[PDB]
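What follows is a single structure, written as structure tokens, with notes after it.
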Amino acid sequence: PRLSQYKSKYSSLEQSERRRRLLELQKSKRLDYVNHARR
Amino acid sequence: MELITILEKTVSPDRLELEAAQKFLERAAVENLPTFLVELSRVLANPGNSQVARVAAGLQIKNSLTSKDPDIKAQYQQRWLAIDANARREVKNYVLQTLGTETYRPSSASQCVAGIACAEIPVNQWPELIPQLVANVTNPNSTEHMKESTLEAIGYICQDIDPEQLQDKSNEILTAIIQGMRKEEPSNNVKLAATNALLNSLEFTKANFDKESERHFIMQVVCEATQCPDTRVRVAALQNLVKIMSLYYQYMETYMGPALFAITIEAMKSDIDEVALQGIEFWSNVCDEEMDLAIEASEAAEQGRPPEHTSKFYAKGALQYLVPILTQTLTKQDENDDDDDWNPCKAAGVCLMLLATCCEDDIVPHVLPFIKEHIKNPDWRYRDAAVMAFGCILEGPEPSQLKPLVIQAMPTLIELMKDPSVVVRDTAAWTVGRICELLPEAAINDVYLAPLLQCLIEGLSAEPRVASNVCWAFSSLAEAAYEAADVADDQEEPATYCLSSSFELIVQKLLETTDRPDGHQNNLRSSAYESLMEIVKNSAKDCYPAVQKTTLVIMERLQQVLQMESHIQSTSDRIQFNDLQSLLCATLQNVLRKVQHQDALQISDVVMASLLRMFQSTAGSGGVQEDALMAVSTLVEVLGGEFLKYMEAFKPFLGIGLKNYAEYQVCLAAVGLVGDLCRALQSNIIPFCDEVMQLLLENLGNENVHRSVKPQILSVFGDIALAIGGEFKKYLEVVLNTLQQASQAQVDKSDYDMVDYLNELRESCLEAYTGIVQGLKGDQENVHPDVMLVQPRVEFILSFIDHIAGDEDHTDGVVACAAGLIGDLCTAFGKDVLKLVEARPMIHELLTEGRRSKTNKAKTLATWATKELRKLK
């Protein structure tokens, strides 16, 4: 039931880690794109 | 012909005979649903009919009234409510009357009762229901079957029913459940059904638990139940104790000492694995709740206020007695390993780990001695246990206390990597990997690195369960080495580092591992690609020569899968081709990163050309898969504006991804890609916007769309606005009203699965307005003024912000976004904004809160905004 915690490693790939990363990247990109447009 | 005859044919092992029967019933339900159900309920209710016909009828009823699909469900619920109240009254009478008159094992009536209840309870249409179910259980003359089938009905209702609908009748529900669990109850079957219903029900016994009289009554019945001689009841009761600890931790203090500690410790020592697992989970779950309480305590302290909920540190108190139980359990390894099977040994490891992170330092001195006793035991079960326990405590205790212990453990650990037991070598690799993850200084040491590297290199050729952890260890080692080199001291990226000497051997060995034929076992292949990926990213510049070679190999493999996919033979072939493509594409997202941009270009054009070919063939054969779109994003990141060359060809495949709303994951990636295309193509995206914008709004009409697509679509509206500026006027009206509505959404916190969809979506709204306000205004202008079209909306956007300020529930991401918006308004609409802002003291408070960082720059945005309002004075 916490099988995914048994010997927990880490992967920039399963499903959802590479989503979280892709989204976090697009959002940072967005923010920088916007800030050069405010000041 | 006759309904009964048809019903009995639905279980025929003949395909056509099963088809005729099913179509008959289908069209019957279409020609006169009300009369069909009434007749069906009559069959179910009559013990005179065969078990087959009654069960079949029950199934036809249940399926008319629910389904796994939430949207189809709500639909069936409304079709039911629209039926003549007299017909429904008759069905309700028969279904209810069937309870206890079935010889069948699991009652077919229970699910029909629940199906109708879920529809009718939220509108008080079945006032007869509860009191009838309560009577069926509490009546001392009720048979086992009557009580069992009823308790199951109760259980199905608590489970399927909308969460908000059942509190007014918790009092009655609990009366029946508790009565069914009492130990005097003769039937274990009844006790089991009752105890399972309690579990389903706890979600709304809030008002009951706040009454010592009732709380005390509930806890005694559950605790006694953990002593039932029927193992199934023991387990279900323990399951309840675990859930009660999660929802009512506040009340537990009077039961832990005197009851719960003993019950759960005894369960842990049980020889019945099912029981041991509940005892262990109970104490892993206490660790989780208490780690969460510590974060609450910590945050409340930084706010000059006491926390709303306080920890009693039960894990810390129990630790003495937990650990000796857990280390012994680590000795019960299952010799035939199944990386998809759960047992007491594995649960014990996770539990030890959670105790380490929950109680930190405390734990070391309870575990060390077992470790030093058994690290060299001739019995592999104990040798492995010792190494496992060592790895479990590497996170939590102060690294300053662990370093000395880890360094003195290296010599033995390096030896254990060659232990004759495969079980031991599996754990040694993980423990080594976790040293590299958590305490790299020990491994990046002038003493041990050389021999450690030799072990890891050889381990890549070992059995899958060993090579897989070795891969993870390598990537961890690579990250540490990289960081170590470039904390600083040199500039932009590191010139060399301790892995450079063997970087070439590692990549080729990893490239080999990727390709092993047993690569599917123990997640090997994925681990190998993850590791290659991570090591290529985390590499020094003097490793480029090896990096280029590896990239030529990856493209080679990718080019190969891609053309393999325009010639598919089977759905098995279909599946694996996409799985490799998935890994290779993900790998591509790091190599393209990490070459010369000049080279990244030549690679981008070549890959995109191959994907478009794959798209042309692959799909309309089940396509588009999602990682291909994410693949395109990274490709658009490199080509930037130079991607315009493929739009005319990619366009349709963009659409099919946007249109596919059933696979919200594919749609989601399509949406994000649109945002990436905006920043890349910018103004040049205009000639594509109508098609996209049209598909976006369409999707927003809605609602078997996923929750999660809307906020992203809103965010992208902002990007589109930023990319096309004035050309957005065309969409301005529809978008603002869409934003208007999504802003007014205000889910009430007793739930958290909504508190942080509310923020996910609010933030989205703010990014939307920001992209619009900045999109309509200006850089090197002639005069300004499109924005003035939004001027009349300022009042509302500010109100939306003001409402966000009141809600204690702030995600930093939202405070920031809200601050950036305020600054935008000041710069866009000017000194009228001031009067409106000073009219809402909560806005002032929101900005201050942002001037303290978390995150970083929530503080900059909050700082900027504070400044803009000030200059307006």
Side-chain angles (χ1 to χ4, degrees), chain A residues 23-24 26-35 37-38, chain B residues 671-672 675 678 696 700 707-722 728 732 735-747 755-777 787 790-791 793-807 809-829 833 836-837 840 842-847 849-851 854-855 857-866 868-869:
Chain A
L23 281 177
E24 175 176 287
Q26 295 168 343
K27 281 190 173 186
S28 74
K29 225 109 271 186
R30 249 218 286 295
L31 178 65
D32 287 326
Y33 185 93
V34 166
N35 286 341
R38 317 198 199 208
Chain B
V671 170
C678 285
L696 296 182
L700 289 170
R707 233 217 268 100
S708 285
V709 174
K710 189 169 185 173
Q712 297 302 144
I713 293 287
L714 296 178
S715 277
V716 176
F717 275 153
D719 298 339
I720 298 291
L722 282 167
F728 196 70
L732 187 52
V735 175
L736 280 182
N737 293 314
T738 302
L739 284 181
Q740 180 70 52
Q741 200 179 186
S743 287
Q744 291 174 305
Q746 349 121 36
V747 217
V755 76
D756 265 294
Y757 171 84
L758 194 42
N759 287 194
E760 195 181 313
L761 168 88
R762 281 180 172 176
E763 185 182 315
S764 291
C765 292
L766 297 173
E767 293 187 301
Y769 285 122
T770 280
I772 279 162
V773 173
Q774 285 293 323
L776 297 177
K777 159 221 190 234
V787 281
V790 178
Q791 183 289 302
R793 303 284 177 153
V794 172
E795 178 63 56
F796 170 64
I797 304 165
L798 286 183
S799 290
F800 169 46
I801 296 301
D802 184 11
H803 207 62
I804 295 327
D807 293 9
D809 46 313
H810 302 161
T811 175
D812 274 315
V814 163
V815 172
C817 281
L821 212 210
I822 298 299
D824 289 318
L825 296 182
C826 288
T827 298
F829 296 119
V833 176
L836 302 191
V837 177
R840 292 77 178 299
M842 288 303 263
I843 303 169
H844 293 306
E845 286 190 56
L846 171 50
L847 292 167
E849 182 185 302
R851 274 180 292 162
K854 293 181 181 180
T855 259
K857 18 260 225 217
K859 90 234 182 170
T860 48
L861 286 184
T863 184
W864 175 58
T866 299
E868 289 308 310
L869 276 164

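Numbered from 1 within each chain, the chains take letters A, B, ... in sequence-line order. What you see below is based on every heavy atom in this structure, not just the backbone, and it leaves out hydrogens, waters and symmetry mates.
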Query raised in the report: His844(B) versus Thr866(B): any side-chain heavy-atom pair under 4.5 Å?
Result: no
Query raised in the report: Less than 4.5 Å apart, any side-chain heavy atom of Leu739(B) and any of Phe800(B)?
Result: no
Query raised in the report: Please walk me through it: do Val814(B) and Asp809(B) pass side chain to side chain contact (heavy atoms under 4.5 Å, CB included)?
Result: CA-CA 10 Å; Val814(B) 163; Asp809(B) 46 313; over 6 Å; no
**Report entry** Between CD1 on residue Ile772(B) and CG on residue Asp824(B), distance to nearest 0.5 Å
**Finding:** 11.5 Å
Query raised in the report: Between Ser743(B) and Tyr769(B), what is the shortest heavy-atom contact and its length?
Result: OG-OH, 3.8 Å
Query raised in the report: Is any side-chain heavy atom of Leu714(B) closer than 4.5 Å to a side-chain heavy atom of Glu767(B)?
Result: no
Report task. Check whether any side-chain heavy atom of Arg707(B) lies under 4.5 Å from a side-chain heavy atom of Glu760(B), and answer yes or no. Result -> no
**Report entry** Minimal non-hydrogen separation, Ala818(B) against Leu846(B), with atom names
**Finding:** CB-CD2, 3.9 Å
Report summary line: One should read off an interatomic distance between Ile804(B) CD1 and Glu763(B) CD, to the nearest 0.5 angstrom, of 11.5 Å
Report summary line: Rounding to 0.5 Å, atoms OG1 (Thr770(B)) and CG (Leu821(B)) come to a distance of 4.0 Å
Requested in this report: Show the numbers, then the answer: is there a side chain to side chain contact (heavy atoms under 4.5 Å, CB included) between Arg762(B) and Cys817(B)?
Outcome: CA-CA 9 Å; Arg762(B) 281 180 172 176; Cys817(B) 281; over 6 Å; no
Report task. Look up atom CZ in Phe829(B) and atom CG in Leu836(B), then write down how far apart they are to the nearest 0.5 Å. Result -> 11.0 Å
**Report entry** Option among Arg851(B), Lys859(B), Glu849(B), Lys854(B) that satisfies the side chain to side chain contact (heavy atoms under 4.5 Å, CB included) test with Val815(B)
**Finding:** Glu849(B)
Query - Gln744(B) atom CD, neighbour heavy-atom count above 12 within 6.0 Å - result: yes
Query raised in the report: For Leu758(B) and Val755(B), which heavy atoms make the closest approach, and how far apart are they?
Result: CB-O, 3.8 Å
Query raised in the report: Are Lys27(A) and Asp32(A) ion-paired here, with the side-chain N under 4.0 Å from a carboxylate O?
Result: no
Query - Salt bridge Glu795(B)-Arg840(B), side-chain N to carboxylate O under 4.0 Å - result: yes
Query raised in the report: Which pair of non-hydrogen atoms, one from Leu696(B) and one from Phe717(B), has the smallest distance, and what is that distance?
Result: CD1-CE2, 3.7 Å
Report task. List in chain and number order the residues that pass side-chain hydrogen bond (donor to acceptor under 3.5 Å, both in side chains) with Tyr757(B), two or more places apart in sequence or in another chain; answer none if no residue qualifies. Result -> none
Query raised in the report: Between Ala858(B) and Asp812(B), what is the shortest heavy-atom contact and its length?
Result: CB-O, 4.2 Å
Report task. Taking the side chain as every heavy atom from C-beta outward, state whether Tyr33(A) and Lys29(A) have any atom pair closer than 4.5 Å. Result -> no
Report task. For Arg38(A) and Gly820(B), indicate whether the former's side chain and the latter's backbone hold a donor-acceptor pair under 3.5 Å. Result -> yes
Requested in this report: For residues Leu847(B) and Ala862(B), report the shortest heavy-atom separation together with the two atoms involved.
Outcome: O-CB, 3.5 Å
Requested in this report: With the side chain counted from C-beta on, respond yes when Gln712(B) and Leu23(A) share a heavy-atom pair under 4.5 Å apart, and no when they do not.
Outcome: yes
Requested in this report: With the side chain counted from C-beta on, respond yes when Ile822(B) and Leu798(B) share a heavy-atom pair under 4.5 Å apart, and no when they do not.
Outcome: yes
**Report entry** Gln774(B)/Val787(B) under side chain to side chain contact (heavy atoms under 4.5 Å, CB included): CA gap, chis, key distance, verdict
**Finding:** CA-CA 8 Å; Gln774(B) 285 293 323; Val787(B) 281; over 6 Å; no
**Report entry** Interatomic distance, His803(B) atom NE2 to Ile843(B) atom CD1 [nearest 0.5 angstrom]
**Finding:** 13.0 Å
Query - Separation of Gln741(B) CD from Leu736(B) CG (nearest 0.5 Å) - result: 13.5 Å
Query raised in the report: Under 4.5 Å between any side-chain heavy atoms of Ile797(B) and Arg793(B), yes or no?
Result: yes
